[PDB]
Amino acid sequence: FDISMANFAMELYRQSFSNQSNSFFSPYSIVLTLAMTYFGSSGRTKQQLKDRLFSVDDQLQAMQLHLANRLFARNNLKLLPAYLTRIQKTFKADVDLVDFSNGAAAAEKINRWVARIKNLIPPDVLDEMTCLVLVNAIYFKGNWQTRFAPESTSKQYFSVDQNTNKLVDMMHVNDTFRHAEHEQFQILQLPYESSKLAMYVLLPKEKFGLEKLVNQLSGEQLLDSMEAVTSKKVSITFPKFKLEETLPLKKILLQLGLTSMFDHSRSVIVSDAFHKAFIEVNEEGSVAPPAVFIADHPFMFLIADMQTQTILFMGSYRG
């Protein structure tokens, strides 16, 4: 199913970046922007994609959430109208034409449209003979459905490394949440207040087991794990934090095998793909011993639309 391909891709992007830094990005935003390129592809390019896309789609369009997803074409490209029309009839931002010869004005023209106001995304010195450009920019600040008590936020040991401790602001709450234990990790669901969205948090059982978890876990497992959680009392300790991260999206995309140089619909390639994401996490929101969920060592987290399977955002927290 398409649902299962979307999250197979999210895990591959997830795998192909885990590192010694934090991370946060929108695999759904990358998909939509790869879908734009895909509606005007043919030949090998079209087959390379579509090996991760099927038939024709099912969108899915459903607290601060700002997605900037657009394709920028060089101004002198006779785009076929059929492509232009289905692009328009499928996404929010239709194709924008840009003169890249003015590297500064083109870069600043795009940066403006991105500014949903927490970005400045294509830097200087990148637009010359460029052809197509994909843009993803994200800000997310959701209100929880169950608030965190702000006066229970205290600072605590965060095990970054065998050799590195950090002190981070930990939120605390004891209430009913959907949770499950597995062999290698616990999974906790934290719903957002307009309850379409939820954050899912994957806490490895081993203090520094995060990367081993990430490389054993399939899209399939990840989806089943999100579905197979039951309501109970959880004593939650969870970091307050903000992450801004720019994803090296082209490099990552090549690392997965792609043809950024062959067939569209004369003749045209994707020259660049930009991805910058901002998340803010804070306290704001609304006999059996509780389950204890203490997120004090590097963990995995995602934001998902529960009504549509969809993984909106993913990331890891290192401290």
# chains A, B, ... in the order shown; residues from 1 in each chain; ligands from 1
>>> residues_around(residues="residue A:101", least_positions_apart="5", cutoff="9 Å", atoms="only C-alpha atoms", output="list in words")
residues 106, 127, 128, 129 and 130 of chain A
>>> residues_around(residues="stretch 66-69 of chain A", least_positions_apart="6", cutoff="10 Å", atoms="only C-alpha atoms", output="PDB file with C-alpha atoms, in the first residue's frame")
ATOM      1  CA  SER A  26       9.468  16.678   7.336  1.00  0.00           C
ATOM      2  CA  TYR A  28       5.881  14.394   4.232  1.00  0.00           C
ATOM      3  CA  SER A  29       7.224  17.705   2.892  1.00  0.00           C
ATOM      4  CA  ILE A  30       9.926  15.918   0.915  1.00  0.00           C
ATOM      5  CA  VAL A  31       7.314  13.551  -0.534  1.00  0.00           C
ATOM      6  CA  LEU A  32       5.029  16.363  -1.763  1.00  0.00           C
ATOM      7  CA  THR A  33       7.992  18.088  -3.388  1.00  0.00           C
ATOM      8  CA  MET A  36       5.814  17.665  -8.032  1.00  0.00           C
ATOM      9  CA  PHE A  91      -0.848  21.212  -4.342  1.00  0.00           C
ATOM     10  CA  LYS A  92      -1.172  24.536  -2.523  1.00  0.00           C
ATOM     11  CA  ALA A  93       1.858  26.323  -4.062  1.00  0.00           C
ATOM     12  CA  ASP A  94       1.914  25.996  -7.853  1.00  0.00           C
ATOM     13  CA  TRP A 113       8.026  33.555   0.130  1.00  0.00           C
ATOM     14  CA  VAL A 114       9.383  31.159   2.756  1.00  0.00           C
ATOM     15  CA  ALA A 115       9.194  33.802   5.524  1.00  0.00           C
ATOM     16  CA  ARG A 116       5.320  31.151   8.480  1.00  0.00           C
ATOM     17  CA  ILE A 117       7.984  33.334   9.597  1.00  0.00           C
ATOM     18  CA  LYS A 118      10.986  31.428  10.988  1.00  0.00           C
ATOM     19  CA  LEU A 134      12.677  22.149  -4.543  1.00  0.00           C
ATOM     20  CA  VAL A 135      11.943  23.955  -1.290  1.00  0.00           C
ATOM     21  CA  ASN A 136      10.674  22.631   2.041  1.00  0.00           C
ATOM     22  CA  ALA A 137      10.443  24.891   5.103  1.00  0.00           C
ATOM     23  CA  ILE A 138       8.665  23.907   8.331  1.00  0.00           C
ATOM     24  CA  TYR A 139       7.672  25.436  11.639  1.00  0.00           C
ATOM     25  CA  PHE A 140       5.650  23.495  14.206  1.00  0.00           C
ATOM     26  CA  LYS A 141       4.571  24.552  17.716  1.00  0.00           C
ATOM     27  CA  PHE A 274      16.390  22.822   0.315  1.00  0.00           C
ATOM     28  CA  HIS A 275      14.892  21.689   3.611  1.00  0.00           C
ATOM     29  CA  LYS A 276      14.812  23.635   6.873  1.00  0.00           C
ATOM     30  CA  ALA A 277      12.650  22.701   9.839  1.00  0.00           C
ATOM     31  CA  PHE A 278      11.812  24.372  13.159  1.00  0.00           C
TER      32      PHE A 278
END
>>> residues_around(residues="residue A:195", least_positions_apart="3", cutoff="12 Å", atoms="only C-alpha atoms", output="PyMOL selection string")
chain A and resi 62-63+142-146+189-192+198-199+285-286+303-307
>>> write_last_selection(atoms="N, CA, C and O atoms", output="PDB file, in the first residue's frame")
ATOM      1  N   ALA A  62      -5.439  18.096   5.953  1.00  0.00           N
ATOM      2  CA  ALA A  62      -6.164  18.169   7.208  1.00  0.00           C
ATOM      3  C   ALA A  62      -5.463  19.158   8.121  1.00  0.00           C
ATOM      4  O   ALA A  62      -4.910  20.147   7.647  1.00  0.00           O
ATOM      5  N   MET A  63      -2.240  26.201  18.263  1.00  0.00           N
ATOM      6  CA  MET A  63      -1.538  25.291  17.356  1.00  0.00           C
ATOM      7  C   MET A  63      -0.996  26.009  16.105  1.00  0.00           C
ATOM      8  O   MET A  63      -1.753  26.644  15.382  1.00  0.00           O
ATOM      9  N   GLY A 142       2.936  22.987  18.608  1.00  0.00           N
ATOM     10  CA  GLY A 142       1.608  22.481  18.889  1.00  0.00           C
ATOM     11  C   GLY A 142       1.319  22.603  20.368  1.00  0.00           C
ATOM     12  O   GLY A 142       2.229  22.548  21.191  1.00  0.00           O
ATOM     13  N   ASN A 143       0.053  22.803  20.702  1.00  0.00           N
ATOM     14  CA  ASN A 143      -0.385  22.731  22.088  1.00  0.00           C
ATOM     15  C   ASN A 143      -0.798  21.302  22.402  1.00  0.00           C
ATOM     16  O   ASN A 143      -1.543  20.690  21.634  1.00  0.00           O
ATOM     17  N   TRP A 144      -0.286  20.762  23.507  1.00  0.00           N
ATOM     18  CA  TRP A 144      -0.609  19.395  23.906  1.00  0.00           C
ATOM     19  C   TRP A 144      -2.096  19.276  24.218  1.00  0.00           C
ATOM     20  O   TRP A 144      -2.783  20.269  24.488  1.00  0.00           O
ATOM     21  N   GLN A 145      -2.607  18.044  24.190  1.00  0.00           N
ATOM     22  CA  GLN A 145      -3.966  17.877  24.691  1.00  0.00           C
ATOM     23  C   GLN A 145      -3.964  17.856  26.215  1.00  0.00           C
ATOM     24  O   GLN A 145      -4.853  18.428  26.854  1.00  0.00           O
ATOM     25  N   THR A 146      -2.951  17.248  26.815  1.00  0.00           N
ATOM     26  CA  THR A 146      -2.751  17.283  28.258  1.00  0.00           C
ATOM     27  C   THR A 146      -1.570  18.204  28.543  1.00  0.00           C
ATOM     28  O   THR A 146      -0.445  17.935  28.106  1.00  0.00           O
ATOM     29  N   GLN A 189       2.782   7.935  23.099  1.00  0.00           N
ATOM     30  CA  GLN A 189       2.038   8.859  22.255  1.00  0.00           C
ATOM     31  C   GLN A 189       1.612  10.078  23.070  1.00  0.00           C
ATOM     32  O   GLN A 189       0.966   9.932  24.118  1.00  0.00           O
ATOM     33  N   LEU A 190       1.962  11.276  22.583  1.00  0.00           N
ATOM     34  CA  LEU A 190       1.568  12.538  23.224  1.00  0.00           C
ATOM     35  C   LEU A 190       0.674  13.334  22.287  1.00  0.00           C
ATOM     36  O   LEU A 190       1.168  13.968  21.335  1.00  0.00           O
ATOM     37  N   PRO A 191      -0.641  13.313  22.495  1.00  0.00           N
ATOM     38  CA  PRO A 191      -1.544  13.967  21.536  1.00  0.00           C
ATOM     39  C   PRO A 191      -1.481  15.482  21.645  1.00  0.00           C
ATOM     40  O   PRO A 191      -1.257  16.042  22.725  1.00  0.00           O
ATOM     41  N   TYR A 192      -1.695  16.139  20.503  1.00  0.00           N
ATOM     42  CA  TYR A 192      -1.846  17.584  20.414  1.00  0.00           C
ATOM     43  C   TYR A 192      -3.319  17.968  20.579  1.00  0.00           C
ATOM     44  O   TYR A 192      -4.212  17.133  20.418  1.00  0.00           O
ATOM     45  N   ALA A 198      -0.382  13.854  16.821  1.00  0.00           N
ATOM     46  CA  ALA A 198       0.215  13.335  18.037  1.00  0.00           C
ATOM     47  C   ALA A 198       1.713  13.252  17.817  1.00  0.00           C
ATOM     48  O   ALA A 198       2.174  13.064  16.687  1.00  0.00           O
ATOM     49  N   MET A 199       2.471  13.404  18.898  1.00  0.00           N
ATOM     50  CA  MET A 199       3.888  13.092  18.879  1.00  0.00           C
ATOM     51  C   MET A 199       4.062  11.671  19.405  1.00  0.00           C
ATOM     52  O   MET A 199       3.413  11.278  20.384  1.00  0.00           O
ATOM     53  N   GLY A 285      -0.622  23.327  26.987  1.00  0.00           N
ATOM     54  CA  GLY A 285      -1.670  22.404  26.568  1.00  0.00           C
ATOM     55  C   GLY A 285      -3.076  22.774  27.012  1.00  0.00           C
ATOM     56  O   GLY A 285      -3.533  23.890  26.762  1.00  0.00           O
ATOM     57  N   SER A 286      -3.767  21.841  27.669  1.00  0.00           N
ATOM     58  CA  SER A 286      -5.151  22.014  28.137  1.00  0.00           C
ATOM     59  C   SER A 286      -5.337  23.219  29.057  1.00  0.00           C
ATOM     60  O   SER A 286      -6.004  23.125  30.093  1.00  0.00           O
ATOM     61  N   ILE A 303       6.038  13.199  14.538  1.00  0.00           N
ATOM     62  CA  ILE A 303       4.701  13.759  14.577  1.00  0.00           C
ATOM     63  C   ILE A 303       3.924  13.117  13.446  1.00  0.00           C
ATOM     64  O   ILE A 303       4.391  13.084  12.295  1.00  0.00           O
ATOM     65  N   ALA A 304       2.749  12.604  13.771  1.00  0.00           N
ATOM     66  CA  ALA A 304       1.984  11.838  12.813  1.00  0.00           C
ATOM     67  C   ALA A 304       0.544  12.291  12.835  1.00  0.00           C
ATOM     68  O   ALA A 304       0.012  12.640  13.892  1.00  0.00           O
ATOM     69  N   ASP A 305      -0.069  12.302  11.650  1.00  0.00           N
ATOM     70  CA  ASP A 305      -1.514  12.436  11.521  1.00  0.00           C
ATOM     71  C   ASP A 305      -2.123  11.061  11.757  1.00  0.00           C
ATOM     72  O   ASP A 305      -1.861  10.123  10.998  1.00  0.00           O
ATOM     73  N   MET A 306      -2.898  10.933  12.831  1.00  0.00           N
ATOM     74  CA  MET A 306      -3.378   9.623  13.251  1.00  0.00           C
ATOM     75  C   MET A 306      -4.522   9.129  12.376  1.00  0.00           C
ATOM     76  O   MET A 306      -4.716   7.914  12.236  1.00  0.00           O
ATOM     77  N   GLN A 307      -5.272  10.045  11.771  1.00  0.00           N
ATOM     78  CA  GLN A 307      -6.390   9.683  10.919  1.00  0.00           C
ATOM     79  C   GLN A 307      -5.949   9.216   9.534  1.00  0.00           C
ATOM     80  O   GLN A 307      -6.759   8.634   8.806  1.00  0.00           O
TER      81      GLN A 307
END
>>> select_by_dssp(residues="stretch 196-310 of chain A", states="alpha helix (DSSP H)", output="list in words")
residues 210, 211, 212, 213, 214, 215, 216, 219, 220, 221, 222, 223, 224, 225, 226, 227, 249, 250, 251, 252, 253 and 254 of chain A
>>> write_last_selection(atoms="C-alpha atoms", output="short mmCIF file (atom, residue, chain, number, x, y, z; two decimals), in the first residue's frame")
data_model
loop_
_atom_site.label_atom_id
_atom_site.label_comp_id
_atom_site.auth_asym_id
_atom_site.auth_seq_id
_atom_site.Cartn_x
_atom_site.Cartn_y
_atom_site.Cartn_z
CA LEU A 210 19.37 4.91 19.64
CA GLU A 211 21.30 4.23 16.45
CA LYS A 212 20.90 0.45 16.79
CA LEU A 213 17.16 1.02 17.17
CA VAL A 214 17.06 3.27 14.10
CA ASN A 215 18.84 0.69 11.93
CA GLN A 216 16.65 -2.26 13.04
CA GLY A 219 8.52 1.51 8.21
CA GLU A 220 6.26 -1.48 8.79
CA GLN A 221 7.39 -1.95 12.38
CA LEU A 222 7.17 1.80 12.96
CA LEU A 223 3.52 1.98 11.82
CA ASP A 224 2.46 -1.12 13.78
CA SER A 225 4.23 0.30 16.85
CA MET A 226 2.26 3.54 16.56
CA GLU A 227 -1.03 1.67 16.23
CA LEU A 249 18.40 17.02 1.27
CA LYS A 250 20.11 16.59 -2.11
CA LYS A 251 23.11 14.74 -0.67
CA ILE A 252 20.76 12.50 1.30
CA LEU A 253 18.65 11.92 -1.81
CA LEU A 254 21.69 10.88 -3.85
#
>>> closest_residue(among="A:300, A:241, A:269, A:193", to="residue A:64", atoms="only C-alpha atoms")
A:193
>>> closest_residue(among="A:14, A:311, A:72, A:161", to="residue A:98", atoms="only C-alpha atoms")
A:72
>>> select_by_dssp(residues="stretch 8-180 of chain A", states="strand (DSSP E)", output="PyMOL selection string")
chain A and resi 23-25+64-74+96-98+132-141+154-159+165-180
>>> write_last_selection(atoms="N, CA and C atoms", output="short mmCIF file (atom, residue, chain, number, x, y, z; two decimals), in the first residue's frame")
data_model
loop_
_atom_site.label_atom_id
_atom_site.label_comp_id
_atom_site.auth_asym_id
_atom_site.auth_seq_id
_atom_site.Cartn_x
_atom_site.Cartn_y
_atom_site.Cartn_z
N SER A 23 18.28 16.48 15.11
CA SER A 23 17.70 16.44 13.79
C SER A 23 16.20 16.68 13.90
N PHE A 24 15.64 17.22 12.82
CA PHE A 24 14.21 17.44 12.73
C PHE A 24 13.88 17.83 11.30
N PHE A 25 12.96 17.09 10.68
CA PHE A 25 12.65 17.32 9.28
C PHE A 25 11.29 16.72 8.97
N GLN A 64 0.31 25.90 15.85
CA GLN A 64 1.00 26.61 14.78
C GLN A 64 1.68 25.61 13.84
N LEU A 65 1.20 25.51 12.60
CA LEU A 65 1.76 24.57 11.63
C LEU A 65 1.90 25.27 10.29
N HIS A 66 3.14 25.45 9.83
CA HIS A 66 3.41 26.17 8.59
C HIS A 66 4.35 25.36 7.70
N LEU A 67 3.82 24.87 6.58
CA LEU A 67 4.59 24.15 5.57
C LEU A 67 4.73 25.02 4.32
N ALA A 68 5.96 25.18 3.85
CA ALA A 68 6.28 25.91 2.63
C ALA A 68 6.89 24.90 1.67
N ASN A 69 6.10 24.42 0.71
CA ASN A 69 6.55 23.38 -0.20
C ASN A 69 6.32 23.83 -1.64
N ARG A 70 7.41 24.11 -2.35
CA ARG A 70 7.26 24.67 -3.69
C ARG A 70 8.37 24.21 -4.61
N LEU A 71 8.04 24.14 -5.90
CA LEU A 71 9.00 23.96 -6.98
C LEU A 71 9.22 25.28 -7.71
N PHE A 72 10.48 25.70 -7.82
CA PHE A 72 10.86 26.89 -8.57
C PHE A 72 11.54 26.48 -9.88
N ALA A 73 10.98 26.91 -11.01
CA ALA A 73 11.53 26.64 -12.34
C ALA A 73 12.22 27.89 -12.90
N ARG A 74 13.29 27.68 -13.67
CA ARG A 74 13.94 28.79 -14.36
C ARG A 74 12.96 29.41 -15.36
N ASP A 96 6.47 28.30 -9.44
CA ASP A 96 6.85 29.69 -9.57
C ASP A 96 8.07 29.81 -10.47
N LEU A 97 7.99 30.70 -11.45
CA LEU A 97 9.12 30.97 -12.34
C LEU A 97 10.02 32.04 -11.74
N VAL A 98 11.33 31.86 -11.90
CA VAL A 98 12.34 32.71 -11.29
C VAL A 98 13.49 32.89 -12.27
N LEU A 132 15.62 23.41 -11.98
CA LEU A 132 14.52 23.26 -11.03
C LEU A 132 15.07 23.28 -9.61
N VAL A 133 14.29 23.85 -8.69
CA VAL A 133 14.68 23.88 -7.28
C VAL A 133 13.48 23.50 -6.42
N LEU A 134 13.69 22.54 -5.51
CA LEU A 134 12.68 22.15 -4.54
C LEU A 134 12.94 22.83 -3.21
N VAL A 135 11.86 23.25 -2.56
CA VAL A 135 11.94 23.96 -1.29
C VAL A 135 10.98 23.31 -0.30
N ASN A 136 11.49 23.00 0.89
CA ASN A 136 10.67 22.63 2.04
C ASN A 136 11.12 23.48 3.22
N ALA A 137 10.17 24.11 3.90
CA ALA A 137 10.44 24.89 5.10
C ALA A 137 9.31 24.63 6.07
N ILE A 138 9.64 24.38 7.35
CA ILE A 138 8.66 23.91 8.33
C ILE A 138 8.84 24.64 9.65
N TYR A 139 7.74 25.09 10.22
CA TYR A 139 7.67 25.44 11.64
C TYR A 139 6.49 24.70 12.27
N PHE A 140 6.71 24.16 13.46
CA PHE A 140 5.65 23.49 14.21
C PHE A 140 5.79 23.83 15.69
N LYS A 141 4.69 24.32 16.27
CA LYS A 141 4.57 24.55 17.72
C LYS A 141 3.13 24.17 18.04
N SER A 154 11.92 20.87 35.89
CA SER A 154 13.20 21.03 36.56
C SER A 154 14.30 20.48 35.66
N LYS A 155 15.54 20.84 35.98
CA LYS A 155 16.67 20.43 35.17
C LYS A 155 17.22 19.12 35.70
N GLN A 156 17.67 18.26 34.78
CA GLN A 156 18.05 16.90 35.13
C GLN A 156 19.21 16.45 34.26
N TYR A 157 19.88 15.40 34.72
CA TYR A 157 20.93 14.77 33.93
C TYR A 157 20.37 14.25 32.61
N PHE A 158 21.03 14.60 31.52
CA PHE A 158 20.77 13.99 30.22
C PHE A 158 22.05 13.31 29.76
N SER A 159 21.99 11.99 29.62
CA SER A 159 23.16 11.20 29.24
C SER A 159 23.38 11.38 27.75
N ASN A 165 27.65 14.32 30.09
CA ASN A 165 26.38 14.68 30.71
C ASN A 165 26.00 16.11 30.34
N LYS A 166 24.70 16.36 30.20
CA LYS A 166 24.15 17.69 30.01
C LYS A 166 22.96 17.87 30.95
N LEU A 167 22.66 19.11 31.29
CA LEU A 167 21.49 19.43 32.09
C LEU A 167 20.47 20.07 31.17
N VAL A 168 19.28 19.47 31.08
CA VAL A 168 18.21 19.96 30.22
C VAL A 168 16.93 20.12 31.03
N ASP A 169 16.09 21.06 30.61
CA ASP A 169 14.81 21.28 31.27
C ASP A 169 13.85 20.14 30.96
N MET A 170 13.49 19.39 31.99
CA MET A 170 12.59 18.25 31.85
C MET A 170 11.20 18.64 32.30
N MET A 171 10.22 18.43 31.43
CA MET A 171 8.82 18.55 31.82
C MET A 171 8.37 17.26 32.51
N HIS A 172 7.33 17.37 33.33
CA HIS A 172 6.83 16.21 34.07
C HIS A 172 5.31 16.19 34.05
N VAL A 173 4.74 14.98 33.96
CA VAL A 173 3.30 14.81 34.01
C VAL A 173 2.99 13.35 34.31
N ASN A 174 1.91 13.15 35.05
CA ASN A 174 1.40 11.83 35.40
C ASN A 174 -0.08 11.86 35.04
N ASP A 175 -0.45 11.12 34.00
CA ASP A 175 -1.82 11.10 33.49
C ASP A 175 -1.96 9.91 32.53
N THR A 176 -3.09 9.82 31.85
CA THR A 176 -3.35 8.67 31.00
C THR A 176 -2.80 8.96 29.61
N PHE A 177 -1.98 8.04 29.11
CA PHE A 177 -1.45 8.13 27.76
C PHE A 177 -1.38 6.74 27.19
N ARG A 178 -1.33 6.68 25.87
CA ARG A 178 -1.15 5.43 25.16
C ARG A 178 0.33 5.12 25.04
N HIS A 179 0.71 3.92 25.48
CA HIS A 179 2.10 3.54 25.68
C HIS A 179 2.20 2.05 25.39
N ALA A 180 3.41 1.59 25.08
CA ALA A 180 3.66 0.16 24.94
C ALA A 180 5.13 -0.10 25.19
#
>>> residues_around(residues="residue A:297", least_positions_apart="6", cutoff="8 Å", atoms="only C-alpha atoms", output="mmCIF file with N, CA and C atoms, in the first residue's frame")
data_model
loop_
_atom_site.group_PDB
_atom_site.id
_atom_site.type_symbol
_atom_site.label_atom_id
_atom_site.label_comp_id
_atom_site.auth_asym_id
_atom_site.auth_seq_id
_atom_site.Cartn_x
_atom_site.Cartn_y
_atom_site.Cartn_z
ATOM 1 N N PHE A 158 21.028 14.604 31.516
ATOM 2 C CA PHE A 158 20.769 13.991 30.221
ATOM 3 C C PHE A 158 22.049 13.306 29.757
ATOM 4 N N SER A 159 21.994 11.987 29.620
ATOM 5 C CA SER A 159 23.162 11.200 29.243
ATOM 6 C C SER A 159 23.384 11.379 27.748
ATOM 7 N N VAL A 160 24.296 12.276 27.369
ATOM 8 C CA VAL A 160 24.594 12.437 25.944
ATOM 9 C C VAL A 160 25.489 11.305 25.463
ATOM 10 N N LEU A 203 11.907 5.562 22.892
ATOM 11 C CA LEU A 203 12.969 5.647 23.881
ATOM 12 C C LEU A 203 13.695 4.314 23.959
ATOM 13 N N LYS A 207 20.749 2.816 27.200
ATOM 14 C CA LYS A 207 21.069 4.238 27.325
ATOM 15 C C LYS A 207 21.545 4.844 25.998
ATOM 16 N N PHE A 208 22.443 4.160 25.286
ATOM 17 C CA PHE A 208 22.984 4.656 24.022
ATOM 18 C C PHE A 208 22.620 3.736 22.866
ATOM 19 N N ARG A 318 19.454 14.574 21.052
ATOM 20 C CA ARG A 318 20.731 14.195 21.653
ATOM 21 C C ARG A 318 21.020 14.946 22.942
ATOM 22 N N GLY A 319 20.222 15.961 23.268
ATOM 23 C CA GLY A 319 20.463 16.797 24.437
ATOM 24 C C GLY A 319 20.725 18.258 24.103
#
>>> residues_around(residues="residue A:16", least_positions_apart="5", cutoff="9 Å", atoms="only C-alpha atoms", output="ChimeraX atom specification")
/A:11,252,255-256
>>> write_last_selection(atoms="N, CA, C and O atoms", output="tab-separated table (two decimals), in the first residue's frame")
chain	number	residue	atom	x	y	z
A	11	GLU	N	11.72	6.19	7.00
A	11	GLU	CA	12.77	5.51	7.73
A	11	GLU	C	14.10	5.56	7.00
A	11	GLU	O	15.16	5.65	7.65
A	252	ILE	N	21.48	13.66	0.78
A	252	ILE	CA	20.76	12.50	1.30
A	252	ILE	C	20.02	11.79	0.18
A	252	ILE	O	20.00	10.55	0.13
A	255	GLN	N	22.42	9.70	-1.83
A	255	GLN	CA	22.76	8.54	-1.02
A	255	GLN	C	21.72	7.43	-1.09
A	255	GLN	O	22.00	6.30	-0.69
A	256	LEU	N	20.52	7.72	-1.59
A	256	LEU	CA	19.49	6.71	-1.78
A	256	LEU	C	19.32	6.31	-3.24
A	256	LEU	O	18.38	5.57	-3.56
>>> residues_around(residues="residue A:288", least_positions_apart="6", cutoff="12 Å", atoms="only C-alpha atoms", output="ChimeraX atom specification")
/A:232-234
>>> closest_residue(among="A:197, A:279, A:10, A:3", to="residue A:243", atoms="only C-alpha atoms")
A:279
>>> atom_distance(atom1="atom CA of residue A:4", atom2="atom CA of residue A:61")
18.3 Å
>>> residues_around(residues="stretch 262-268 of chain A", least_positions_apart="3", cutoff="12 Å", atoms="only C-alpha atoms", output="JSON, numbers by chain")
{"A": [36, 37, 38, 39, 40, 41, 42, 43, 44, 45, 46, 47, 48, 49, 73, 74, 76, 77, 78, 79, 80, 81, 82, 83, 84, 129, 130, 131, 132, 133, 258, 259, 271]}
